[PDB]
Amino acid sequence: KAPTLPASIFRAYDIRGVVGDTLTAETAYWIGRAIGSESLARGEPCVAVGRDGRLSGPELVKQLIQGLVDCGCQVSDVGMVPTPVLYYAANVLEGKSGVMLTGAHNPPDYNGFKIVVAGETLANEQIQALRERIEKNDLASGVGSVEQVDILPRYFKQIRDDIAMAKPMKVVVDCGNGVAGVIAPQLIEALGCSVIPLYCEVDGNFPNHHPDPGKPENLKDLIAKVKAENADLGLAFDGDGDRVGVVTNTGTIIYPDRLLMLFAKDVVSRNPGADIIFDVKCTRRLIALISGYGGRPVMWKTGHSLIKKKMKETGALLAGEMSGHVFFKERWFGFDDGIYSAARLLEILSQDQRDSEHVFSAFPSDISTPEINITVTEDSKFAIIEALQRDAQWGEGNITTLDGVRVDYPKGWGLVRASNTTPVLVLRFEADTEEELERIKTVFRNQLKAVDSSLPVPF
């Protein structure tokens, strides 16, 4: 009989916890039994399993593997690899299920499970179903097997063979002591670049900055190093390698919507009418740019899981979102991969005589506010958004209510949405001029006040 696990580790799309607290070796075993049971129930006995470079990785992955084996699954054990290399395995090996044991970009003691079953990721009720299986002892029992698989060379060669770099580039590569250190610097060198490594040693203690390029502060060392070495570009991978931060030769941070402008231009050039998915936090310039080149832009809900689901439903060739996940289907498999993104970026930049700063600066840029967060309460957060959706007046503008309220005007846009995990409203504004930016802020400030005249509006 399985033990009692804390419900708190079963999240919307994955499982996550703190080793020694909410996650133990024992937990990993039973999670494997649940995932294996569900995979068999979906007709898939073959499951790939990988882990990142965390201190708890070896111990916990061994239990995860045993739990899968104890259901009767045939496990393909790929060992320590980046998350996207595990995804690669689950696309090229016999089975379509895979489990990645990773705490991603989080502090050292965190770990967790990213799960794909019979070709799809689980969400919401499906992750809760795993929890339920354990609770009720609704688990398969069988005599499975494990095969050690060395997938990294295959992955390396698959990318190297398809990337066609032109001019040599000097690149600072910061892995934040996460698992991308096993391949990113090596692959980037193999493509033709000269690499300046920062924190490329795999060390689960994360003694330098945590591997999270989503926080600019975790790019300070990279920016300084690019400037000091007169490098052409800087890249910072997150801890498991499914995201990469980008810095130009002058230190400018390139956010995902601007990266997507560059990637979209390239993808659409060889694929007339290609669908390109992005989120409601992305610059409006992206919609126009994709359309101008003959693509079909789709502005969608925030969240990499939702973006991916929309990509699959539309047959899109490329997708990305502001938290940093980028998905290529063109020339690739459709899953998010920071290393592949880096390779695709290097390919494009290498074919342009301009420096990376100017390649990116040439795209239209507008005036933008830093993202705004308004602390409210858990009781009011969704209701404020709902009240706006029912009754707000936005004037002449294109209204999008897929995720909060976004309004696109001829000269700019605004967004207000509720955070899904904190009692906070999140806003963004952009416009072609300061005057238009202030006008749009005023529209939103006024609509918020029309919901609750006493709400604290910090803008």
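Note that residue numbering follows the sequence shown and begins at 1.
- Here the stretch with the larger average CA B-factor, out of 256-264 and 188-196, is 188-196.
- Taking the mean C-alpha B-factor of each stretch as recorded, 198-206 and 272-280 are not equal, and the higher mean is that of 198-206.
- When the C-alpha B-factors of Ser291, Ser76, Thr102, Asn230 are read from the PDB record, the largest value belongs to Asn230.
- By the numbers in the PDB entry, the CA B factor is greatest at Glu125 among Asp240, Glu125, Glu321, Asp337.
- Annotation for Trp30: CA B-factor lies in the middle third of the chain's modelled residues.
- When the modelled residues of the chain are ordered by C-alpha B-factor, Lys114 sits in the lowest third.
- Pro410: CA B factor in the highest third of modelled residues in this chain (values from the PDB entry).
- In the PDB entry, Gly295 places in the lowest third of its chain by CA B-factor.
- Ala342: CA B factor lies in the lowest third for its chain, per the PDB record.
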